[PDB]
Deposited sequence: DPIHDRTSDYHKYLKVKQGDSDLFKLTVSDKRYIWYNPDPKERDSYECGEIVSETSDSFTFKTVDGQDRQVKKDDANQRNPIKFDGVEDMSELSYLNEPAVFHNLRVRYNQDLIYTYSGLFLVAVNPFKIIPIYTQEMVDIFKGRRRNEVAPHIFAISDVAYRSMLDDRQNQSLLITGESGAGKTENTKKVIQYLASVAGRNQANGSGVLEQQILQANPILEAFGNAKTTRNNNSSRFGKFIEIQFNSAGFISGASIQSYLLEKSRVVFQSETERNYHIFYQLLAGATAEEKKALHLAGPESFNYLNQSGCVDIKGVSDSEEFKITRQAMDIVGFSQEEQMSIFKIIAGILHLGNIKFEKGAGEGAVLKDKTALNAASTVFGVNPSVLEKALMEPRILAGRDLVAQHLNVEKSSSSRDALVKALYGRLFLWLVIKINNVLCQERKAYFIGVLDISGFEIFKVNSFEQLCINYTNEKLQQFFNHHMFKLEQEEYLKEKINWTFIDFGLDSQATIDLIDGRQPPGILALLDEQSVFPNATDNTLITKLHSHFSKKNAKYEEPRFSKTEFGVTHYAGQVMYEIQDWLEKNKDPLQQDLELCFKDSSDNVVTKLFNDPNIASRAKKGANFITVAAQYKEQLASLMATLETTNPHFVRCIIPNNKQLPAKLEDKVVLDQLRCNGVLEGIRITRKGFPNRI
């Protein structure tokens, strides 16, 4: 039994190292300790001091340097006895304060223990190194075991959730939270790996097909940002489906919010979608030739950033994992060849240079780029040319050929690009989903893997939607841990005095999504379908509704184009440039008409299927991105309320993507805004189990 043997892989990599006889003299000490601040400017930096004496209401302690401080017993962060260092579940701690909790994570982390229970939920501190705790060997260890008999792990939270689907005849969910780069996606993978092995078998084909559905998606929707080298630029809900017996019947992936703008623009040091790089690096010299390929350096979509690679990942190498993934999934070779044609053409569309012509409208002098794109897409180059610079609209009912300038022609090209890619994404997913939903499920476990909370020097509409989602997820923790918990108690009259935990990101949610009084998104919406509206008339309007009126909003004194929202995880400054176009998300109809006549079997499904090419009207208008997303979100929150939720809080150790560097400042922020200590306080003080 490997749980009980001190030499095993399980004991070596998931359990606290046996302390020696020196650490024993110290564990049995009668001395008592306190966590204090050496500089009261820096609240998150802690040193340890011995309590030397005590009055009625206060302790005196030794600082490290020399002196002796006095503070009130009520403002004292006491150090737990050292028998607690490395405890597996922090609800067991005698003292529940900030440095006390951080310290325990510090102890565990220093010997590579990334998982800690914080009562009912799991905490996962990111290692930024490979640690051998996800082998089949390790999966088997966790098969069936109750939570308090095995070490903390993601596999375990996964087992308990599974036991709970079978023992309550009720649907389950794993909500993995975290700012960008904190480890969400990695732990998501692990939930699926574990679920797959434990409840799998036709042969064992479905199982391999679900696992191999994530490298595809990752190639097309992950990219290098300044925060994460493998950042998910789309959100993911995965229902792993189970039969009446409790074996794997299927899986369905729902995606949210592809950052389509990445395809045509990256910030310094960042990358476009991995796929672009994988194609250019990993293709045969024959495949490069029929696609008119070159290196990344000769494409506008791939050479603006200064960076074409990521340290320790070979793009040549990832192209194989990806191709192998579309194989196992049952994408035909006609289908892949088209997929890389769509990807190849986007790059070419990117190389079209537009210049000023005789008058105010645009001409295209060199048609190398245009012709290449038309060639790989299966479309008439002269129809594309005209649809790009001279698209036709209605003026009243009259048909008017417009002649677009350099700025507007470029945007339209970009708009065509973003729609090609976005529709391509939607199609990969519906295809994957079709191979995998093969059975009417009796039960599911749902894994939520969102784009995590992010801030950049320049934060835009995408960031707002990313951060709004991260905010709703946080309130969803708040509702389950604190609001639902206590409204029971008080209803079962079993004698509870109400606690205000002081965690409520409601006023932030409402500022963004409220409809009456109107929130940011509704003011955006109203502005998008008002015809004299500009980015200037939009921010004035936002300032007008919220400056000095909502305690969650700021009009900055320093800029006339940014607004601040104070999120649970910090204040974010949003740039308004381009919001109206990002919300309307317009595409010229002549462009749509150019691509419906594609000789390509895939491109034609992106443009002719109502599934993928349609837009739901709203009276005299199309649905905005904000209203479409606010709704898909609400639709998911409704799916979650109907489940028993399990939470995993992923924690980023630092902001430099480094191993063995736990930055206290960075980790405590996250502990506060996540409500980690409030979650532990609710479990000590209260009564979870109720029959």
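- Note: segment 202 to 205 is the sole part of the deposited sequence with no C-alpha coordinates in the structure.
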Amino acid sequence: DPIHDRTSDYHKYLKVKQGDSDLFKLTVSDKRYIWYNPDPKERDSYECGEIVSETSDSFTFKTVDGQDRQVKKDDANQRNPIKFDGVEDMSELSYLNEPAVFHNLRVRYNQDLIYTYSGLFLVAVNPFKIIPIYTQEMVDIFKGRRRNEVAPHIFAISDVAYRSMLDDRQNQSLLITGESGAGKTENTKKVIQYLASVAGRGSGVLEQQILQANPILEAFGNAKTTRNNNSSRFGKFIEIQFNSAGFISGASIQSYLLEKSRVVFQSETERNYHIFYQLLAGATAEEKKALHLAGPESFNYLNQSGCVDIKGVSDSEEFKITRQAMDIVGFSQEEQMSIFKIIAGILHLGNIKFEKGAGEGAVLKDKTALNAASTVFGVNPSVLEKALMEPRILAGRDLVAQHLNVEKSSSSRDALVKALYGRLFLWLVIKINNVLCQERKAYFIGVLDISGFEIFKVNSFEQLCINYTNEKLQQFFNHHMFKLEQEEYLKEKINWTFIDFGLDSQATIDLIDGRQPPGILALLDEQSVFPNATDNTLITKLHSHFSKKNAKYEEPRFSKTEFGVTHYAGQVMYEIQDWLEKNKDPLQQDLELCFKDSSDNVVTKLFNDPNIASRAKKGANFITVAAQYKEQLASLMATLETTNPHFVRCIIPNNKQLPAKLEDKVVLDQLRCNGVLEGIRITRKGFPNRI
From here on, numbers count along this sequence of modelled residues.
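- Higher mean CA B-factor, judged across 307 to 315 and 153 to 161 from the recorded values: 307 to 315.
- The mean Cα B-factor in the deposited entry runs higher for 610 to 618 than for the other of 110 to 118 and 610 to 618.
- Residue-level inspection of the entry shows that, of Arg397, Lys386, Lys493, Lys184, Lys493 has the top Cα B-factor.
- Note on the listed residues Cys437, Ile176, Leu542, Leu424: the highest Cα temperature factor in the record is that of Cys437.
- The PDB entry assigns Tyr134 a C-alpha temperature factor belonging to the middle third of its chain's modelled residues.
- Remark: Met637 belongs to the middle third of its chain, ranked by C-alpha B-factor as recorded.
- In the deposited entry, the Cα temperature factor of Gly19 places it in the highest third of its chain's modelled residues.
- When the modelled residues of the chain are ordered by C-alpha B-factor, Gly200 sits in the highest third.
- In the deposited entry, the Cα temperature factor of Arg557 sits in the bottom third of values across the chain's modelled residues.
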